Amino acid sequence: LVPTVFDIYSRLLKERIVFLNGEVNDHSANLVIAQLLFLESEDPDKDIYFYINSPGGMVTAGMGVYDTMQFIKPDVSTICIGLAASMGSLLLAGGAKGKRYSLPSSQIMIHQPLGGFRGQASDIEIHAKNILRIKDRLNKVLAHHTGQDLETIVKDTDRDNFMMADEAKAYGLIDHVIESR
Amino acid sequence: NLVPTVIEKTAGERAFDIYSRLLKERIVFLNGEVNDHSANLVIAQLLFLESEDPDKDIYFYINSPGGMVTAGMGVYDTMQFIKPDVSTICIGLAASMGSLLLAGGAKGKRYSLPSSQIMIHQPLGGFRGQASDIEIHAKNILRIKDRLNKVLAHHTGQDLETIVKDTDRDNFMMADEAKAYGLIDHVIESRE
Amino acid sequence: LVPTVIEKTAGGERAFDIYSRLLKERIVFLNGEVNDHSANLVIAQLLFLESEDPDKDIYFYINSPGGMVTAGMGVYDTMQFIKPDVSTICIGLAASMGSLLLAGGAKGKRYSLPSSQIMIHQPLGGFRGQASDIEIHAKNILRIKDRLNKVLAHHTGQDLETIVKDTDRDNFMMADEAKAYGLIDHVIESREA
Amino acid sequence: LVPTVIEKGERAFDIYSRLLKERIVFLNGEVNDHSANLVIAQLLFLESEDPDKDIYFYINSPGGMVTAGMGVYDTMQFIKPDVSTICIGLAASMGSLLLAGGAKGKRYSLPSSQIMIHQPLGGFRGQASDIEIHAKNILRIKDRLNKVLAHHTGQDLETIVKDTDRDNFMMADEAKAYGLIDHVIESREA
Amino acid sequence: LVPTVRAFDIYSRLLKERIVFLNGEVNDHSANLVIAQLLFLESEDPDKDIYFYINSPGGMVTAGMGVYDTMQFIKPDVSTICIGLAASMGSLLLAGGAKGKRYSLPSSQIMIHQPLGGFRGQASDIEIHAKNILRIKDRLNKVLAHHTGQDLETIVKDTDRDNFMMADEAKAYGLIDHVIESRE
Amino acid sequence: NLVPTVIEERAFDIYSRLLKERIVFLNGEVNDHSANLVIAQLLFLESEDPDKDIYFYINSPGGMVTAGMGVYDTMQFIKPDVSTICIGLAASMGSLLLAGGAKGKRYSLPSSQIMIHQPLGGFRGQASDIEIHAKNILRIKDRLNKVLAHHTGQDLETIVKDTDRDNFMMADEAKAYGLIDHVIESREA
Amino acid sequence: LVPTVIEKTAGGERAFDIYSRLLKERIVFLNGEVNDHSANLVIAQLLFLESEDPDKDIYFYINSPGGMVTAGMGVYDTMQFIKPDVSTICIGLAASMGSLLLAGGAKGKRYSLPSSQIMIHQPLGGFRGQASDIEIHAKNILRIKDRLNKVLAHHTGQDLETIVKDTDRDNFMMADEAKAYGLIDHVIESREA
Amino acid sequence: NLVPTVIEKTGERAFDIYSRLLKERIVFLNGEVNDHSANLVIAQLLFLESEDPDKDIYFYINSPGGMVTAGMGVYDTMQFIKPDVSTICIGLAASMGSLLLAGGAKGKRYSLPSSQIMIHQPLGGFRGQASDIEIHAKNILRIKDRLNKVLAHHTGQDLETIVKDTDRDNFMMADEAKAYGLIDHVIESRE
Amino acid sequence: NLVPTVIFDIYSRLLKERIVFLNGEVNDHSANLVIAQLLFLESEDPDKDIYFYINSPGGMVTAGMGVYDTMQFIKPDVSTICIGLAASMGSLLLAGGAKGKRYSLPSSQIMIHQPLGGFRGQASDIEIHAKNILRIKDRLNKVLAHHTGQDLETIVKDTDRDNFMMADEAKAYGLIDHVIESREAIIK
Amino acid sequence: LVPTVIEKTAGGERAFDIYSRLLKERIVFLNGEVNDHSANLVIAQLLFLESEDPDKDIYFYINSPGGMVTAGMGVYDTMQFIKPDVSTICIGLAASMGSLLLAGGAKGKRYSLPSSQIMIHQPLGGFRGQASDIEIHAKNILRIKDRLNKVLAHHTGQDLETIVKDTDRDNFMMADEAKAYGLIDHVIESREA
């Protein structure tokens, strides 16, 4: 449990450090959003350092974080410190141009969305078409931030695609692999 | 209480349960949910009865809320395949696959008792996984929906689009309404 | 020879049990909940007894709290459809669909033993989903309620309005009250009388 | 596993159907729709076999469902044969009612049996209007059952009411004195 | 599962030789099956002995006392033979066999105790049930005293807690008449 | 990963710190707990200043109608304009709250999912009681449809048609529909 | 200084939360089920506010499906007992005991926001045991039903027979219908108007 | 919703509402009587006596009862301490709850008008050997007798009247409870 | 898969050759079935050997000692053969077969140990149950000593913990008399 | 008069099923897990078939993932003890104790169908308790591991050192690989062969 120094996360927050750690859900996404807005209110020009260690989770929650990162005035530098899978890798890749990093041993994984629905065929169809629109949007977001063609992203996310940091840098998901300060 | 037995005296004795005894009278029941077990038992009985006599009618008594479409469509196809006319009689509920099986009985030989509930609908399903697989299964269930609607259209004489409109939500019908719609041929109250 | 037992342990057991013995005398039981299994078994017995002799009474002994209306109305319809008169006899409880089946026995041949409980009520149902589907299921159950009230009115001789009033809440009757109401024709205490 | 008896061609009987040939019927364990109906079926069967020969109804029951049990009671009174009753362990609640409802002079207990009488148990949850309907009903049931006990025992209704307010356990000899049975029997030769 | 051996299951074949088993818990089902077998054997021949093999930890007192009473009621002598355990109501049934005809195999475990029970509810009802179980305790002690020949006070002292006896100890105490090691 | 603290001398949870900027979140399901907390924040902010705008951020799949309609009514009742901003999902009761924001001050970030549909309910009992509850949910459905019509500018008929089954919209489509006024991508706009 | 939070995670937490802030403005919430916990908390707040000032109104905001009658009638009684007028405002749902508490606010000071659901009904109960005890509990619940009807009659100005008729089954009302019925005094849409 | 806080200016200090009402010598029993709830009441009673041994305490009761041993500790503490403990029923006082209500200081036992008061005999339960069953049955009869004696003493009723009237659950309205002696006053309005 | 038939189930057919199986745990059901079979076979022919095939991890001591006593009591010699496992009461029953007529197949696992028990309650009752299991332990050790020809002291030492033996080791110890691999081989 | 069924419901059901009819052709199945029940039934069948004819081959069809070693080794030993050759035939899977039994069939009469999966490995076990007892059970399973490897070495003709190496982890083989390894003698695809 969290030592005092402030709790340590609150102390690091005052140096513009924000963590996403574990699953992306409504609670974790919203906490990140709250910290980003707070940091922008404190100083709208200073960079923010967003440390990501996440297997992903809820797309709608995560796209809230993604959007807030683009919306606020501060550049949001992203740093992968373990795993950045699924929505986690989207958040990593959506950091500020030239300010997307990973530590050398991190796993970065990209895939297509997961979902499901039970009900009448009419409703299955509505939800199927929705997740296909989401799939298309997430692919377009990755294409944008990575510099890959959409067709490359579509092919490369059809199944789970695990990359090491150096592969992820080459692919355009990050800008730098950093080993020491 | 479980199924009773009848003893038939032989030149000793044989025992038959009541359903086995009524099978001798070419009576077959679908009772309760349609699943692989229940559908296959009906199919086996239908095939047996055709083997015993290919030309005599079979009397298929239906009380079902439906269930698995693939299991049920085996029954439907078997009913059409075999040479005997399969008369259908709704004796309580014919819902979903139940009503499809009722409507699929031999021309002019689809019956309901007067208080039966008939219900027609669109198929239910579900799948969890990747967007690609969700699309595969969604496409499949839409094809199944279309096929089931075409079957209903064929046997009722309704336009396909009328069946589509009328099955978009659960549609409950009384026996007389089911007759008027073409899901059955006769509402019967007394043997006479 | 086929072995004799008190009760079969499974439907396909090759043994002649007490219920099979009494089926030979044209006695059929509904015992416990009305559901697809119990209702269909009664229907099979009624069709069989009809095929054995279309012109001999059937004695339908009822002890049931009711249960599924669709299953139960299949039994009610079969009772009216077949050629034999189906005499009904309440031997403990006839509630809800149980009382409907009791009251649907052949004219003048509806009986209760003296201590039986008879209860009439309006149907119970339930549905969860979209408002559109709630409305569909509501309209259906109201139609069913109306149909059942008309069945009871027919067999009892009561006006429809009286049936509606008296089934709004659970209505418990002793056997003599059930006779007076028209749900049965006779209360019987001894075979000799 | 129920043992088999073969009788001379030849027919196998379960032990209970073998005893059924001697017009012996058991109620064993809880009174419910299953057990009550099985008893009723056997009584109807034995009447059909012979309407004048006595039936011997052995009871070992803690009671159970009143409606199911009252079907057995009414069937006992209805059929032409006298239904002798014999308590072989416990007759409690509906069990003791069925025991006491046996034919006049032919209600027995073995010497170590426990016989218990009490008032009806019920339960209901719902609207106050419905609670009242069900309460009124169970009071009517309580009254009926007390009148049945009064009838078969010879006790005044007021005594039955007093004595069944709470569980009332009696030894076989005490049940005989009370009028719930006619005889305690310890050996066949006596 | 039960082998077949006229074709019977093995218990039915042994029943034909007047052999009856109580195996496992005494409850309404198991007690009643024994009763049915005893009444059947009496009907078949009222004079011939019955051999009642017991291996049971006991169980329901009321179910057990029906068996005990039936044993005393029927005309046949009911020899009892412990072939494993005879504890609680099991030992009462062993001890209640015909005078001189209560046996045990040499390694059997015999155990006697006071009744177990319990009840929850209003104090008035607790008292009613407590009073009842005390009468049951008294009756069962009198049954054991009668069949063993011990004084009532001795039975009371010796059943206050679980009292385990070996077959020779059970014989000396009067719970059985003979310990039998071989037929020959 | 729990709630960070900000010190201004007094400690604030991050959410109370943002409450000083008149920012309020609805996050996750609408239920009595979450709704009541929003209502309390709105009443508080009104008491702090009845004229200053309130910024109500919504990321919700909806939930209990009665709970949610309390939030809706409070939004309309208090003097401050309640600006609404969709930051992920606004589905069902969530989209109603979004669409109920002050005229001209209803926003979404570009990637949000907005979904509208008809009410869900459920009842078990006597036919008489089934009918009572059915009549009630139909009145609720009608009232919710008239609320959407009012705030969107769509005719009632269009709202009824478009909410019969789940209807998902991207932020720009929700804007064109009248559920929001602006899609915002960058603070400099 | 005492830290500020949106909501306390525990009762004894040393922080000043949104509810604490509004309690300073004499605002009290009943939110969710009426049970011993929620009821007692409202009572404590009412007693505290009376002790702070016996001559200033309290604003009691209600969003509740009801629940335990004994707990809720403590709140009702406390509202009547204390010197301050307790204004009631429905802010989502006021059903069963919730609607009684709403209707029990100070004369002329009972409000609803426009979209609130108000529902009145008869009490719900349950008991299992001996017939004697069933009768005791039935008699009690009927007395409770009668008292609650008399309370509703008193605050609404409806006659007792009207209340009895109208609460026999669940009776759902919109805010305007509740005002017409006398369960509230005003439907309020905007603070300005 | 959880207990709110009040800030008192000094810096600042925080109290929850129950802690704030404890300053006004108000103590609550709310919900089931168990070791936790009973002991917390006892601790508040002892604390209030320490703060002022002569000023009344106001003990608000809304309880279905519960554990007799835990509750009889509260009962004894109420009699033992120097301050009068006024009791006020604010919803339900059943079983041990009614005993605690009835055991308030003479003349200072109150109910609000709609409260439900219920008196009964004790509930218990035990499983084991007949010997131990007897031991526990004897104990609960003695507890039954002692609780009836407590009620007789505080109500003024004859013991046998209490015995008769608690054999089954006995529900009383506040006015009936006053007539019976379980409380002294039904109060509708502070004024 | 379930017991097949011949125009008898397979076990009934083998019972005609006086073959009785103990297979799986020793409990009241399995023990009593063995006893019923032994009594039956004795009554059919009291002079012919009975062959008792054992594959059992043991189980309840009272149930199993009924089988032990019945094996000694009846007139037929009860030959035993281990056809998989004979552990705990399984090994005791194997060892208790007729002198010279106890066998094992070659790969069988024999295991001997002391009794397992358990009790919760008052100290007085714990003492009673403890005293009883100690007497049972003694009796079972004396039974093994008798059939193996080992001294009691050796049995105690070797059963203090689970003691696993291969068939040849069990034979050397006296728990069986012969290890048999082929029906055609001379019995050694 | 003994009725015919595809499969028996119970052990002592009086019906002549598909397996009984095949047992008349000296066909015996091990299907599914090796445990006391499945092993003992195979043993019973092997002894029966030996009594019916001591010379004729037995056809032991194996589709098994393995299971309990003690139970399985009783089947193995019985196969070696009885007079008639037990030919083994893999019809799906022969894994762990399944493959040992496959490989333990009579010389030259061990078969597989072409698509079967054969898997060999070392023993799985487990024990919890005192360190002394852990050592006892560890020593025992190591002895079992040794004997089982020696059994595979004997029937395959592989050296012990090869079997130890190749069973250290799960080793899956197709039918042709298993023949080449010596676990079977022939892979059979057609009746005409």
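One line per chain: the protein sequences are A, B, C, D, E, F, G, H, I and J, in this order.
Throughout the first sequence, residue numbering follows full-length UniProt numbering, covering 6 to 10, 21 to 196 in sequence.
Throughout the second sequence, residue numbering follows full-length UniProt numbering, covering 5 to 15, 17 to 197 in sequence.
Heads up: the third sequence begins at 6 in full-length UniProt numbering, then just goes up one per residue.
Throughout the fourth sequence, residue numbering follows full-length UniProt numbering, covering 6 to 13, 17 to 198 in sequence.
Throughout the fifth sequence, residue numbering follows full-length UniProt numbering, covering 6 to 10, 19 to 197 in sequence.
Throughout the sixth sequence, residue numbering follows full-length UniProt numbering, covering 5 to 12, 18 to 198 in sequence.
Heads up: the seventh sequence begins at 6 in full-length UniProt numbering, then just goes up one per residue.
Throughout the eighth sequence, residue numbering follows full-length UniProt numbering, covering 5 to 14, 17 to 197 in sequence.
Throughout the ninth sequence, residue numbering follows full-length UniProt numbering, covering 5 to 11, 21 to 201 in sequence.
Heads up: the tenth sequence begins at 6 in full-length UniProt numbering, then just goes up one per residue.
All residues carry an ideal CB built from backbone N, CA and C; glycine is no exception.
Residue pairing from DSSP places H/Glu12 in a beta bridge opposite H/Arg19. Out of H/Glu38, H/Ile96, H/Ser92, H/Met84, the CA that lies nearest to the CA of H/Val74 is found in H/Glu38. The bridge partners DSSP lists for D/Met178 are D/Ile123. E/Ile139 is positioned such that its CB atom lies closer than 8 Å to that of H/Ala143. Taking C-beta atoms under 8 Å as the contact rule, D/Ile63 and D/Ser92 qualify, at a distance of about 7 Å. Taking C-beta atoms under 8 Å as the contact rule, G/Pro119 and F/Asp151 fail to qualify, at a distance of about 14 Å. In terms of beta-carbon proximity, D/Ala143 lines the interface with chain G, with at least one pair separated by less than 8 Å. It is roughly 12 Å from the alpha-carbon of I/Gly77 to the alpha-carbon of I/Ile67. Put simply, the CB of A/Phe177 is far from chain B, with every gap to its CB atoms at 8 Å or more.
If you keep only unbroken beta strand (DSSP E) runs of at least 3 residues inside the region 39 to 107 of chain G, you get 63 to 69, 91 to 100. The DSSP-derived three-state label of H/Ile32 is strand.
Interface with chain E (8 Å Cβ-Cβ cutoff): D/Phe34 is included. Identification of chain H residues near G/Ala76 by a Cβ-Cβ cut-off of 8 Å yields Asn68, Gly97, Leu98, ordered along the chain. The beta carbon of G/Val169 sits no closer than 8 Å to any beta carbon of chain F. With respect to chain D, the C-beta atom of G/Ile139 has a partner C-beta closer than 8 Å. In the three-state DSSP reduction, J/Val169 falls in the helix class (H, G or I). For C/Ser117, the enclosing beta strand (DSSP E) stretches over residues 115 to 117.
The same chain holds no residue with a CB closer than 6 Å to that of C/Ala136 once the five nearest residues on each side in sequence are set aside.
Neighbours of B/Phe132 in chain A, taken as residues whose beta carbon is under 7 Å from its own, are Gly131 in chain order. Residue environment for D/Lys112: exposed (fewer than 16 other C-beta atoms within 10 angstroms of its C-beta). With a cutoff of 8 Å on beta-carbon distance, E/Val192 and E/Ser117 are scored as near each other. Between the region 180 to 196 of chain A and the region 153 to 172 of chain A, the count of C-beta pairs closer than 8 Å reaches three or more; the two stretches touch.
If you compare the alpha carbons of E/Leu129, E/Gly103, E/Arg26, E/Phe21 with that of J/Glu18, the shortest gap goes to E/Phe21. In this model, H/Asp41 and H/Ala49 are separated by some 12 Å (Cα to Cα). Taking the Cβ atoms as the reference, A/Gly97 lies roughly 18 Å from A/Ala44, outside the contact range of under 8 Å. Taking CB atoms only, J/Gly17 has a neighbour in chain E less than 8 Å away.
Annotation: Cβ neighbours of G/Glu197 in chain F (cutoff 8 Å, chain order): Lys88. Nearest CB-CB separation between E/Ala158 and chain H: not below the 8 Å threshold.
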